[PDB]
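For reference, the structure is listed below as structure tokens.
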Amino acid sequence: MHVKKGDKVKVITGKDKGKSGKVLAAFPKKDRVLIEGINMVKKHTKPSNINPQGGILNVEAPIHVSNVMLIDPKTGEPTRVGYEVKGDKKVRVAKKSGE
RNA sequence: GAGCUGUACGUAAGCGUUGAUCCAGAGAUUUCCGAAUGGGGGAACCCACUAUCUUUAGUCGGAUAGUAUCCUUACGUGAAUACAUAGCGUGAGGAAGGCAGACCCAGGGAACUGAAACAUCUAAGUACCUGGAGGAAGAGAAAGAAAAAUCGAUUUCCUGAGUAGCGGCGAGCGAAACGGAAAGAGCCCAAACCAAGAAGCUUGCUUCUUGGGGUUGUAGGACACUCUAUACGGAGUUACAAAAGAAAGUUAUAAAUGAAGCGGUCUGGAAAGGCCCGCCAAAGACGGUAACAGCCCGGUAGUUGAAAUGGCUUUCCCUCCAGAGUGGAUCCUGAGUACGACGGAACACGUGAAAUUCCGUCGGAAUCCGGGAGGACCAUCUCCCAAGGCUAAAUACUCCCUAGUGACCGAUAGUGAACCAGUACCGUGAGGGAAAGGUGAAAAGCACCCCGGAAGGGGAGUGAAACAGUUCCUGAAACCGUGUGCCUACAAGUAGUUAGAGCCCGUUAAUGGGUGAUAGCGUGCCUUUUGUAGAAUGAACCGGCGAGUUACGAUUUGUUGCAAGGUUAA
RNA sequence: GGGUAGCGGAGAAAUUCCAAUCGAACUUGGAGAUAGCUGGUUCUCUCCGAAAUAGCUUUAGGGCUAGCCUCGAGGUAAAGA
RNA sequence: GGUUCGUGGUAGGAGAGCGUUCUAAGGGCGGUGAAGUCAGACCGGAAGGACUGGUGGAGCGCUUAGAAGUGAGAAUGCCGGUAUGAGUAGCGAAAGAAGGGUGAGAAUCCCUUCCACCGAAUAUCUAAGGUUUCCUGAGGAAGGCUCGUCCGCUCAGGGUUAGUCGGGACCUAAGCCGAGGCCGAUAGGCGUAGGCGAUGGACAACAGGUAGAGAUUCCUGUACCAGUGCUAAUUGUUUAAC
RNA sequence: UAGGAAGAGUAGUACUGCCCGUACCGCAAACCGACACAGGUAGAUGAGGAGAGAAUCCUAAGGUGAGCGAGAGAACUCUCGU
RNA sequence: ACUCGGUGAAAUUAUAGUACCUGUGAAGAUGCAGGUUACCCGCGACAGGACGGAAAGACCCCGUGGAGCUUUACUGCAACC
Ligand SMILES: [Mg+2]
Ligand SMILES: [Mg+2]
Ligand SMILES: [Mg+2]
Ligand SMILES: [Mg+2]
Ligand SMILES: [Mg+2]
Ligand SMILES: [Mg+2]
Ligand SMILES: [Mg+2]
Ligand SMILES: [Mg+2]
Ligand SMILES: [Mg+2]
Ligand SMILES: [Mg+2]
Ligand SMILES: [Mg+2]
Ligand SMILES: [Mg+2]
Ligand SMILES: [Mg+2]
Ligand SMILES: [Mg+2]
Ligand SMILES: [Mg+2]
Ligand SMILES: [Mg+2]
Ligand SMILES: [Mg+2]
Ligand SMILES: [Mg+2]
Ligand SMILES: [Mg+2]
Ligand SMILES: [Mg+2]
Ligand SMILES: [Mg+2]
Ligand SMILES: [Mg+2]
Ligand SMILES: [Mg+2]
Ligand SMILES: [Mg+2]
Ligand SMILES: [Mg+2]
Ligand SMILES: [Mg+2]
Ligand SMILES: [Mg+2]
Ligand SMILES: [Mg+2]
Ligand SMILES: [Mg+2]
Ligand SMILES: [Mg+2]
Ligand SMILES: [Mg+2]
Ligand SMILES: [Mg+2]
Ligand SMILES: [Mg+2]
Ligand SMILES: [Mg+2]
Ligand SMILES: [Mg+2]
Ligand SMILES: [Mg+2]
Ligand SMILES: [Mg+2]
Ligand SMILES: [Mg+2]
Ligand SMILES: [Mg+2]
Ligand SMILES: [Mg+2]
Ligand SMILES: [Mg+2]
Ligand SMILES: [Mg+2]
Ligand SMILES: [Mg+2]
Ligand SMILES: [Mg+2]
Ligand SMILES: [Mg+2]
Ligand SMILES: [Mg+2]
Ligand SMILES: [Mg+2]
Ligand SMILES: [Mg+2]
Ligand SMILES: [Mg+2]
Ligand SMILES: [Mg+2]
Ligand SMILES: [Mg+2]
Ligand SMILES: [Mg+2]
Ligand SMILES: [Mg+2]
Ligand SMILES: [Mg+2]
Ligand SMILES: [Mg+2]
Ligand SMILES: [Mg+2]
Ligand SMILES: [Mg+2]
Ligand SMILES: [Mg+2]
Ligand SMILES: [Mg+2]
Ligand SMILES: [Mg+2]
Ligand SMILES: [Mg+2]
Ligand SMILES: [Mg+2]
Ligand SMILES: [Mg+2]
Ligand SMILES: [Mg+2]
Ligand SMILES: [Mg+2]
Ligand SMILES: [Mg+2]
Ligand SMILES: [Mg+2]
Ligand SMILES: [Mg+2]
Ligand SMILES: [Mg+2]
Ligand SMILES: [Mg+2]
Ligand SMILES: [Mg+2]
Ligand SMILES: [Mg+2]
Ligand SMILES: [Mg+2]
Ligand SMILES: [Mg+2]
Ligand SMILES: [Mg+2]
Ligand SMILES: [Mg+2]
Ligand SMILES: [Mg+2]
Ligand SMILES: [Mg+2]
Ligand SMILES: [Mg+2]
Ligand SMILES: [Mg+2]
Ligand SMILES: [Mg+2]
Ligand SMILES: [Mg+2]
Ligand SMILES: [Mg+2]
Ligand SMILES: [Mg+2]
Ligand SMILES: [Mg+2]
Ligand SMILES: [Mg+2]
Ligand SMILES: [Mg+2]
Ligand SMILES: [Mg+2]
Ligand SMILES: [Mg+2]
Ligand SMILES: [Mg+2]
Ligand SMILES: [Mg+2]
Ligand SMILES: [Mg+2]
Ligand SMILES: [Mg+2]
Ligand SMILES: [Mg+2]
Ligand SMILES: [Mg+2]
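Each residue of the first sequence is one higher than the one before, starting from 1 at the first, in our numbering.
Now the structure itself:
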């Protein structure tokens, strides 16, 4: 996966195409990403110990990784990513000669 | 290089950039049963002995190591029996069992079937049982093939050829050499002779061990002399003798880097699609992503990379090494064998005119002035030296691993098994042996209200769709129902067809559709039969599945190429 | 609790019993044994269209040759009715 | 394109075609709705082919060739589903009645009283065999030939105590295995020493208590068998207690 | 008896004694019969009246009322009584 | 058995709006011809027909089918002399 937890994201396709957000979790076992404010769902949950009043809950749902491009940190555009050896560790370098 | 504690949701409790989970190489641990091996046993259990250590005041308990049988070989003991042997004990090596339902070598070895019956024959040295291996096995360096001339170990393929032959001369069985190819490789002993030991002393001999020599058919060798070489040179663990160690390179087992569109716009739940524009390409393989993507993701072409272990190839190291000529006086060249009689078998070859090879039982040679073969046998000629052993490649198969391919299947198909399948179930047992795939892009898997004990419903909500609500994509037919337009309670009916009023509708628009009072005619489908409505056979109904195919030969017709020529096989 | 096993065992004898099976158990294989016998064999139209006879047959409800059908090609002193 | 003669047909011969799956090339349509499925009064000489509308929600035709697992109404055909007989036969030996209780619901569950049946058994133990069926708290989909609030059914937690009972560490019978050994194409068969093997031989515990589930086992009282150490006397020591 | 022998018994005290089975059914709805099946299943105990008796009828201790019912009282079939 | 409440099969089955007489026919007809009868739908009963159901006749014949048995059938084998 080219996207990790804590990065900034621009969504490319889907019903919520064209917006931005910050990744909250990653599921590399199944190629899913959870981004705040994207792909909200309404869960009909019974009352229980969690959320004692129950009711309809409005929470995010995971989306596929391919629907996500990592925005350029300095300029602010989605871009493909490349790897360079800086120091003794591999860093991620954009296609606009950035980080 | 950022998440992780499997399938498996979940709660709980935790660990991770001081680098976790994960991937690859090398190690450590490895309960009990099972060859099972200390004894026993009804599988995974029971009971021990001998030494050392250990706890208790001591019994009781614990830990560690050894203890099966057979073969080979050393040492010690040691009976009838005097020496001695058998037996007994100790030590050191080896074996045992499994399987890949494949391939192949040996021992033993059927029947159904065909012959239109059957016994010789066939099926067939097949199925099967047993033993032995190997990654291949078997065969293999002429006592050969053949003929007016030659070849030069074996194996496999194409031809020879369905030829020569065998055959109750029936059904059938059926070669080989020459010729063309793949692959190619040659060697080691026994015996004469020499040197040393001990022994029977078969007593001045022989007879065993050890080492050297030497292995062939124009005969070779021993034996004698002329030459050189004792590492000058050569060879090697795939035969030719055998065991180790390094250096380099390559490869197999994890991986790294890797170009170009978030282009605009339309429909849409969502764009990879339509239309209009760009770019990359040694990369337009494949898969995923909310519908069909070279430019979104994992990747692809290309270029890189291995700490560790294995394979392979060279080099070093290491090891080991005599080969030519001439005379050949004299000696050696595989004995209870080669052959022969009798009884069988294998050879394409069934006792036949029966050569060749092998087994059981009897008899039984020559040995270089010698021996065998050339399909009975004799003479001549030609070829060749048995009764010892080893040897890679070309060939057969696939339980497996890696990378791919298909005018191969697509859930009654394809493996018996796409799913916790040799399972459930059946049988005392060996053994037999199933059924069973699909919500959605994402659980967003229906909060809340109402009827009910619940199940199940009606709203509401999510979703593009709930007539996608947990056999959940599609959802045919048999079968079971609800509503209705036309007909039906004086009628004798293979249920229809032709004529036809009345009533009800309105089409792929044409001398249309539905139902039908009444009238004429009319004994189902299949199979098998001289002949069936048949009181002859089969089918309860619906659905799926279910029967002239392929390989190699023969013959005849059609088409195409060449034509007294045509055509290649491996 | 044990012994006898199928080319075999046991039988005061009946072809009697050997796991609801016995004039020769059950299971797997040879094996898709063989069947001159019965059953079945799936779309359509066009043209032609029989035989149920002779001889031989371990033959008689099977087969072979001839007779009858169909398709293609030939040659005439035209041979058929 | 014309003239003449023809066109019933089983076994059977000959010819021309339709339709299905897959492949190759050309050319196409399809989220503005593909295949499949349902309904129509359309077209062709037949097998068959379109068009329109509903359902469906992602693939499919056309042209010319090629290759076949190539077309089903019948095989007492194989597998699946669903009918008719039909609300029919049956519901597996037997005596029940009423009153209270529980519950959404009671002939069928619980309690009480009366009645009835077995009684060399339909009673009490205990081997084989079964393998959790035992007890408690919940449950009512399926099983129970009806019903069920119940159950040998479903779910979750529990429950089996030994020096003396039965069996091993004791013994042997029939039988089985069997070092060496004898026999035999292989495999193996037989068998000596030795050993396994109860249905038999020997061997030390009795009486009460136990309100969810064990009792010669746990608990109480009183015992026995084998062995060990610690104390106190006794005796014996290599013509030699034991 | 062969053998082993310098320790031996006696009395009192305290301590040690391993493994396997143990629930429940067991003439039965829990075993063998495909079934909650009128069949089959070894052994010990097995009371009273009358009686020779473990026969026979009625009962004790103890255990049961049998897993479809109610109501009518036809033919016919089965098991019984005159 | 019969009526009522609960539960609920099976063999069979080409589709059926399924009369009688005399005749015809593969020679014994609910279904063919000519006549004679007969309003529609059931419940309890009886067994004359559906050449009724079950079991590819066991009697009979056939197959160049099988198996068990016999002997002075043919050819063999063990065993024994
Ligand atoms: Mg072995
Ligand atoms: Mg025979
Ligand atoms: Mg025969
Ligand atoms: Mg073998
Ligand atoms: Mg070899
Ligand atoms: Mg042969
Ligand atoms: Mg890229
Ligand atoms: Mg676009
Ligand atoms: Mg879609
Ligand atoms: Mg001979
Ligand atoms: Mg001989
Ligand atoms: Mg000769
Ligand atoms: Mg020759
Ligand atoms: Mg000759
Ligand atoms: Mg050899
Ligand atoms: Mg399907
Ligand atoms: Mg299958
Ligand atoms: Mg079983
Ligand atoms: Mg899905
Ligand atoms: Mg509900
Ligand atoms: Mg629908
Ligand atoms: Mg779908
Ligand atoms: Mg339907
Ligand atoms: Mg009238
Ligand atoms: Mg009328
Ligand atoms: Mg009309
Ligand atoms: Mg005929
Ligand atoms: Mg006839
Ligand atoms: Mg009839
Ligand atoms: Mg017939
Ligand atoms: Mg029938
Ligand atoms: Mg043929
Ligand atoms: Mg030609
Ligand atoms: Mg027995
Ligand atoms: Mg036996
Ligand atoms: Mg035997
Ligand atoms: Mg006998
Ligand atoms: Mg008799
Ligand atoms: Mg008897
Ligand atoms: Mg055969
Ligand atoms: Mg056949
Ligand atoms: Mg005609
Ligand atoms: Mg015949
Ligand atoms: Mg003929
Ligand atoms: Mg004439
Ligand atoms: Mg015609
Ligand atoms: Mg034809
Ligand atoms: Mg298709
Ligand atoms: Mg459609
Ligand atoms: Mg087919
Ligand atoms: Mg059918
Ligand atoms: Mg069926
Ligand atoms: Mg009836
Ligand atoms: Mg009744
Ligand atoms: Mg009853
Ligand atoms: Mg009551
Ligand atoms: Mg009584
Ligand atoms: Mg009695
Ligand atoms: Mg028991
Ligand atoms: Mg049981
Ligand atoms: Mg249970
Ligand atoms: Mg209970
Ligand atoms: Mg219930
Ligand atoms: Mg019930
Ligand atoms: Mg229970
Ligand atoms: Mg006690
Ligand atoms: Mg005991
Ligand atoms: Mg005992
Ligand atoms: Mg032995
Ligand atoms: Mg023995
Ligand atoms: Mg003995
Ligand atoms: Mg014993
Ligand atoms: Mg006993
Ligand atoms: Mg005792
Ligand atoms: Mg109890
Ligand atoms: Mg007690
Ligand atoms: Mg009991
Ligand atoms: Mg039972
Ligand atoms: Mg009952
Ligand atoms: Mg019973
Ligand atoms: Mg008395
Ligand atoms: Mg009495
Ligand atoms: Mg009482
Ligand atoms: Mg009752
Ligand atoms: Mg009745
Ligand atoms: Mg009733
Ligand atoms: Mg007839
Ligand atoms: Mg007549
Ligand atoms: Mg008549
Ligand atoms: Mg009539
Ligand atoms: Mg009636
Ligand atoms: Mg009748
Ligand atoms: Mg009949
Ligand atoms: Mg018959
Ligand atoms: Mg015979």
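All residues carry an ideal CB built from backbone N, CA and C; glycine is no exception.
Item	Value
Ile38 to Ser66, Cα distance in whole Å?	15 Å
Identify every run of the beta strand (DSSP E) within the stretch 30 to 68, keeping only runs that are complete inside it and at least 3 residues long; order them along the chain.	32 to 35, 40 to 45 and 55 to 60
Based on the DSSP output, what are the partners of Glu84 in its beta bridges?	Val91
In the DSSP assignment, find the unbroken beta strand (DSSP E) run with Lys8 in it and report its ends.	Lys8 to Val11
Does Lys30 pass the burial test, meaning 16 or more other C-beta atoms within 10 Å, or should it be called exposed?	exposed
Given that a residue counts as buried once 16 or more other Cβ atoms are within 10 Å of its Cβ, and exposed if not, what is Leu70?	buried
Using 8 Å for Cβ pairs, my map puts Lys5 next to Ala26. What's the rounded Cβ distance?	6 Å
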